[PDB]
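Q: Encoded as structure tokens, here's the structure I'll be asking about.
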Amino acid sequence: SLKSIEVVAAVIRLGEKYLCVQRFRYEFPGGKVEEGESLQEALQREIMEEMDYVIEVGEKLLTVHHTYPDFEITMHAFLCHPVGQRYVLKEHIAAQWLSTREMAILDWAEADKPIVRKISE
Amino acid sequence: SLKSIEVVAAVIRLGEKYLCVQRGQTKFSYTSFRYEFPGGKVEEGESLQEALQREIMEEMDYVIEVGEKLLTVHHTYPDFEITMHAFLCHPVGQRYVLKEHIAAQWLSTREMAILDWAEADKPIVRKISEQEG
């Protein structure tokens with residue numbers, strides 16, 4: 001079947017606050033890379049599609065590798081800087097701007113925990 | 001999008017032979033891709049059968065009829081959700097086209113035991129093998 005699964009996550013910062021979504025646990029916005037896309041263009045499309053939010057992808061924060069026997073799965077987190085000033089919540093997906101100490105009291109998705117851990121350090 | 005994917009696989013049968021594919025070329029002259037059943041991802045707004053039919057048509061130019069579900073393989077990885085659906089399929093069209101670096105063989109279940117199968121496809125092979133052999 002699938003040779004690889006690449007997932008991208010956007011860590012969007014304004015001030016001391018990070019865009020955290022609850023779509024249930026909390027997560028960073030992002031999604032899967034389509035075949036033929038780079039990781040950055042996958043992330044910019046994914047954020048536009050789900051949130052109408054125009055961002056610039058910056059430096060890569062971390063790569064989460066896995067050793068699962070059946071599928072090769074890799075997650076790529078990028079520090080992102082917003083260009084637009086508009087984001088849309090297509091219904092019942094709530095989003096908050098939170099500081100790191102607000103983020104630590106929260107139920108985060110398992111895939112996103114390394115990013116939350118890193119944002120602190 | 002959600003961190004969850006649905007995969008479909010076609011078990012194409014002709015007589016007592018099944019279509020087994022090898023999709024790619026490695027860098028090394030002493031390594032090669034393992035075998036697998038043709039298929040791919042289910043895109044949003046598609047049923048499992050229509051995603052399969054589309055995927056077979058796009059990779060192989062092969063008109064197929066999707067029949068009964070043979071098995072479902074679920075994975076419960078902490079970081080990502082994957083479901084595989086294998087369906088028994090019957091050819092309508094009489095020609096398929098293999099692109100660059102793609103090989104395919106029509107094999108019995110006994111001959112299928114000779115090959116190296118992708119780890120994800122191994123439950124499917126075992127199911128096919130348990131029912132005749």
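We name chains A, B, ... following the order of the structure tokens; residues begin at 1 in each chain, and ligands are numbered from 1 as shown.
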Could you pull out the strand (DSSP E or B) residues of segment 91-126 of chain B, going by DSSP on the backbone, and write them as a list in words?
A: residues 91, 102, 103, 104, 105, 106, 107 and 117 of chain B
Q: Any chance you can output those residues with C-alpha atoms as a compact mmCIF listing (two decimals), in the first residue's frame?
A:
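Written output follows (part30.txt):
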```txt
# COMPACT_ATOMS: atom_id res chain seq x y z
CA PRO B 91 -11.76 -7.65 -14.55
CA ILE B 102 6.04 -1.27 -12.36
CA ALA B 103 5.90 -5.09 -12.61
CA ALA B 104 2.87 -7.39 -12.26
CA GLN B 105 2.33 -11.16 -12.17
CA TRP B 106 -0.71 -13.43 -12.17
CA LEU B 107 -0.01 -15.90 -9.39
CA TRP B 117 5.06 -8.97 0.39
```
Q: Determine which residues of chain B sit within 9 Å of chain A, taking into account only C-alpha atoms, and present them as a PyMOL selection string.
A: chain B and resi 1-3+7-9+36-41+75+77-80+82+84+118-121
Q: Keeping only C-alpha atoms, write the selected residues as a short mmCIF file (atom, residue, chain, number, x, y, z; two decimals), in the first residue's frame.
A:
```
data_model
loop_
_atom_site.label_atom_id
_atom_site.label_comp_id
_atom_site.auth_asym_id
_atom_site.auth_seq_id
_atom_site.Cartn_x
_atom_site.Cartn_y
_atom_site.Cartn_z
CA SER B 1 -7.48 17.74 7.61
CA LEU B 2 -7.80 14.99 10.25
CA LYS B 3 -4.86 12.67 10.92
CA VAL B 7 -6.75 2.76 2.11
CA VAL B 8 -8.34 0.37 -0.42
CA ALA B 9 -6.72 -2.67 -2.07
CA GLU B 36 1.46 -5.61 -2.97
CA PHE B 37 -2.13 -5.45 -4.19
CA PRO B 38 -3.06 -2.51 -6.38
CA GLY B 39 -5.00 0.35 -4.78
CA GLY B 40 -4.51 3.62 -2.93
CA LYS B 41 -6.19 6.20 -0.68
CA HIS B 75 -4.17 0.05 12.94
CA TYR B 77 -1.13 3.89 16.22
CA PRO B 78 -1.12 6.78 18.77
CA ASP B 79 -0.10 9.42 16.22
CA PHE B 80 -2.02 8.33 13.11
CA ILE B 82 -5.01 3.93 9.14
CA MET B 84 -7.11 -0.85 5.00
CA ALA B 118 4.72 -5.44 1.83
CA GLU B 119 4.12 -5.70 5.60
CA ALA B 120 0.74 -3.96 5.28
CA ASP B 121 -0.42 -6.43 2.56
#
```
Q: DSSP on the backbone, helix (DSSP H, G or I) only: what residues of segment 7-131 of chain B does that give? Format it as a list in words.
A: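 In segment 7-131 of chain B, DSSP puts these residues in helix (DSSP H, G or I): residues 48, 49, 50, 51, 52, 53, 54, 55, 56, 57, 58, 59, 60, 109, 110, 111, 112, 122, 123, 124, 125, 126, 127, 128, 129, 130 and 131 of chain B.
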Q: Deliver the residues from the most recent selection as a file, using N, CA and C atoms, as an mmCIF file, in the first residue's frame.
A:
```
data_model
loop_
_atom_site.group_PDB
_atom_site.id
_atom_site.type_symbol
_atom_site.label_atom_id
_atom_site.label_comp_id
_atom_site.auth_asym_id
_atom_site.auth_seq_id
_atom_site.Cartn_x
_atom_site.Cartn_y
_atom_site.Cartn_z
ATOM 1 N N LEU B 48 -15.806 3.502 -0.788
ATOM 2 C CA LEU B 48 -14.619 2.634 -0.826
ATOM 3 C C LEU B 48 -14.430 1.937 -2.176
ATOM 4 N N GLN B 49 -15.543 1.509 -2.767
ATOM 5 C CA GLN B 49 -15.553 0.817 -4.048
ATOM 6 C C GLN B 49 -15.205 1.733 -5.225
ATOM 7 N N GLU B 50 -15.734 2.955 -5.218
ATOM 8 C CA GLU B 50 -15.477 3.905 -6.303
ATOM 9 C C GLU B 50 -14.066 4.492 -6.261
ATOM 10 N N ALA B 51 -13.490 4.561 -5.062
ATOM 11 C CA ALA B 51 -12.102 4.968 -4.868
ATOM 12 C C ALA B 51 -11.167 3.901 -5.418
ATOM 13 N N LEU B 52 -11.523 2.641 -5.189
ATOM 14 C CA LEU B 52 -10.753 1.514 -5.686
ATOM 15 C C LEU B 52 -10.772 1.472 -7.209
ATOM 16 N N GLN B 53 -11.970 1.504 -7.788
ATOM 17 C CA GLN B 53 -12.163 1.516 -9.238
ATOM 18 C C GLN B 53 -11.392 2.644 -9.930
ATOM 19 N N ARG B 54 -11.458 3.849 -9.362
ATOM 20 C CA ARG B 54 -10.686 4.996 -9.855
ATOM 21 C C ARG B 54 -9.176 4.756 -9.791
ATOM 22 N N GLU B 55 -8.698 4.253 -8.655
ATOM 23 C CA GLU B 55 -7.262 4.055 -8.447
ATOM 24 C C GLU B 55 -6.663 3.008 -9.395
ATOM 25 N N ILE B 56 -7.424 1.951 -9.663
ATOM 26 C CA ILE B 56 -7.010 0.906 -10.605
ATOM 27 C C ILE B 56 -6.962 1.466 -12.041
ATOM 28 N N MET B 57 -7.968 2.265 -12.388
ATOM 29 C CA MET B 57 -8.033 2.942 -13.683
ATOM 30 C C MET B 57 -6.921 3.969 -13.929
ATOM 31 N N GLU B 58 -6.460 4.643 -12.872
ATOM 32 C CA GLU B 58 -5.441 5.687 -13.031
ATOM 33 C C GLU B 58 -4.007 5.149 -13.060
ATOM 34 N N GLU B 59 -3.720 4.113 -12.271
ATOM 35 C CA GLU B 59 -2.400 3.485 -12.290
ATOM 36 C C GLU B 59 -2.223 2.434 -13.394
ATOM 37 N N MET B 60 -3.298 1.745 -13.780
ATOM 38 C CA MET B 60 -3.159 0.594 -14.676
ATOM 39 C C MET B 60 -3.983 0.623 -15.955
ATOM 40 N N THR B 109 -2.032 -18.863 -5.126
ATOM 41 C CA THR B 109 -1.711 -18.686 -3.692
ATOM 42 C C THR B 109 -0.404 -19.372 -3.252
ATOM 43 N N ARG B 110 -0.099 -20.511 -3.876
ATOM 44 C CA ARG B 110 1.145 -21.248 -3.639
ATOM 45 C C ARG B 110 2.363 -20.482 -4.167
ATOM 46 N N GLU B 111 2.233 -19.917 -5.368
ATOM 47 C CA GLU B 111 3.287 -19.097 -5.965
ATOM 48 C C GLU B 111 3.426 -17.759 -5.249
ATOM 49 N N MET B 112 2.314 -17.244 -4.715
ATOM 50 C CA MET B 112 2.316 -16.019 -3.901
ATOM 51 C C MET B 112 3.165 -16.159 -2.631
ATOM 52 N N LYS B 122 0.482 -8.248 3.902
ATOM 53 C CA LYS B 122 0.558 -9.600 4.476
ATOM 54 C C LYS B 122 -0.717 -10.187 5.112
ATOM 55 N N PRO B 123 -1.500 -9.392 5.893
ATOM 56 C CA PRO B 123 -2.808 -9.937 6.311
ATOM 57 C C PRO B 123 -3.735 -10.341 5.154
ATOM 58 N N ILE B 124 -3.692 -9.600 4.042
ATOM 59 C CA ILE B 124 -4.508 -9.907 2.856
ATOM 60 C C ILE B 124 -4.095 -11.232 2.205
ATOM 61 N N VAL B 125 -2.791 -11.431 2.062
ATOM 62 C CA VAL B 125 -2.224 -12.654 1.497
ATOM 63 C C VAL B 125 -2.621 -13.877 2.326
ATOM 64 N N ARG B 126 -2.538 -13.732 3.644
ATOM 65 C CA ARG B 126 -2.881 -14.808 4.565
ATOM 66 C C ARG B 126 -4.363 -15.178 4.441
ATOM 67 N N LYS B 127 -5.226 -14.175 4.287
ATOM 68 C CA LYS B 127 -6.670 -14.400 4.094
ATOM 69 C C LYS B 127 -6.984 -15.170 2.802
ATOM 70 N N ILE B 128 -6.338 -14.760 1.708
ATOM 71 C CA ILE B 128 -6.474 -15.422 0.406
ATOM 72 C C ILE B 128 -5.949 -16.861 0.462
ATOM 73 N N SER B 129 -4.831 -17.052 1.157
ATOM 74 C CA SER B 129 -4.218 -18.371 1.302
ATOM 75 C C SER B 129 -4.973 -19.327 2.234
ATOM 76 N N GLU B 130 -5.645 -18.796 3.255
ATOM 77 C CA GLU B 130 -6.370 -19.645 4.218
ATOM 78 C C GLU B 130 -7.653 -20.273 3.642
ATOM 79 N N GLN B 131 -8.184 -19.683 2.571
ATOM 80 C CA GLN B 131 -9.490 -20.078 2.040
ATOM 81 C C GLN B 131 -9.454 -21.177 0.975
#
```
Q: How many Å lie between atom CA of residue 132 of chain B and atom CA of residue 65 of chain B, rounded to one decimal?
A: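 It comes out at 22.0 Å.
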Q: Tell me, as JSON, numbers by chain, which residues lie within 9 Å of segment 12-14 of chain A, counting only C-alpha atoms; anything in the same chain fewer than 6 positions away does not count.
A: {"A": [20, 28, 29, 55, 78, 79, 80, 81, 82, 97]}
Q: Go ahead and write the residues just picked, N, CA and C atoms, as a PDB file, in the first residue's frame.
A:
```
ATOM      1  N   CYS A  20      -4.106  27.339  18.579  1.00  0.00           N
ATOM      2  CA  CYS A  20      -4.383  25.959  18.986  1.00  0.00           C
ATOM      3  C   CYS A  20      -5.815  25.631  18.645  1.00  0.00           C
ATOM      4  N   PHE A  28      -2.475  21.226  16.715  1.00  0.00           N
ATOM      5  CA  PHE A  28      -2.030  22.271  15.803  1.00  0.00           C
ATOM      6  C   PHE A  28      -2.642  22.061  14.421  1.00  0.00           C
ATOM      7  N   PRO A  29      -2.989  23.155  13.719  1.00  0.00           N
ATOM      8  CA  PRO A  29      -3.590  22.934  12.416  1.00  0.00           C
ATOM      9  C   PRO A  29      -2.577  22.425  11.386  1.00  0.00           C
ATOM     10  N   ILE A  55      -0.844  32.127   5.351  1.00  0.00           N
ATOM     11  CA  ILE A  55       0.379  32.088   6.160  1.00  0.00           C
ATOM     12  C   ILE A  55       1.644  31.963   5.297  1.00  0.00           C
ATOM     13  N   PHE A  78       6.359  23.130  11.443  1.00  0.00           N
ATOM     14  CA  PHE A  78       6.998  24.352  10.984  1.00  0.00           C
ATOM     15  C   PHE A  78       6.500  25.547  11.769  1.00  0.00           C
ATOM     16  N   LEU A  79       7.424  26.426  12.137  1.00  0.00           N
ATOM     17  CA  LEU A  79       7.073  27.732  12.638  1.00  0.00           C
ATOM     18  C   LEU A  79       6.494  28.508  11.464  1.00  0.00           C
ATOM     19  N   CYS A  80       5.317  29.087  11.656  1.00  0.00           N
ATOM     20  CA  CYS A  80       4.629  29.788  10.578  1.00  0.00           C
ATOM     21  C   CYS A  80       4.308  31.215  11.005  1.00  0.00           C
ATOM     22  N   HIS A  81       4.380  32.137  10.050  1.00  0.00           N
ATOM     23  CA  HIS A  81       4.064  33.532  10.304  1.00  0.00           C
ATOM     24  C   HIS A  81       2.878  33.923   9.431  1.00  0.00           C
ATOM     25  N   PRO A  82       1.830  34.506  10.046  1.00  0.00           N
ATOM     26  CA  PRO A  82       0.613  34.862   9.313  1.00  0.00           C
ATOM     27  C   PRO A  82       0.810  36.063   8.407  1.00  0.00           C
ATOM     28  N   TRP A  97      -5.985  31.371  20.875  1.00  0.00           N
ATOM     29  CA  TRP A  97      -4.633  31.875  20.984  1.00  0.00           C
ATOM     30  C   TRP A  97      -4.154  31.741  22.431  1.00  0.00           C
TER      31      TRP A  97
END
```
Q: Restricting the calculation to only C-alpha atoms: of B:47, B:28, B:64, B:74, which residue gets closest to residue 14 of chain B?
A: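 Nearest candidate to residue 14 of chain B out of B:47, B:28, B:64, B:74: B:64.
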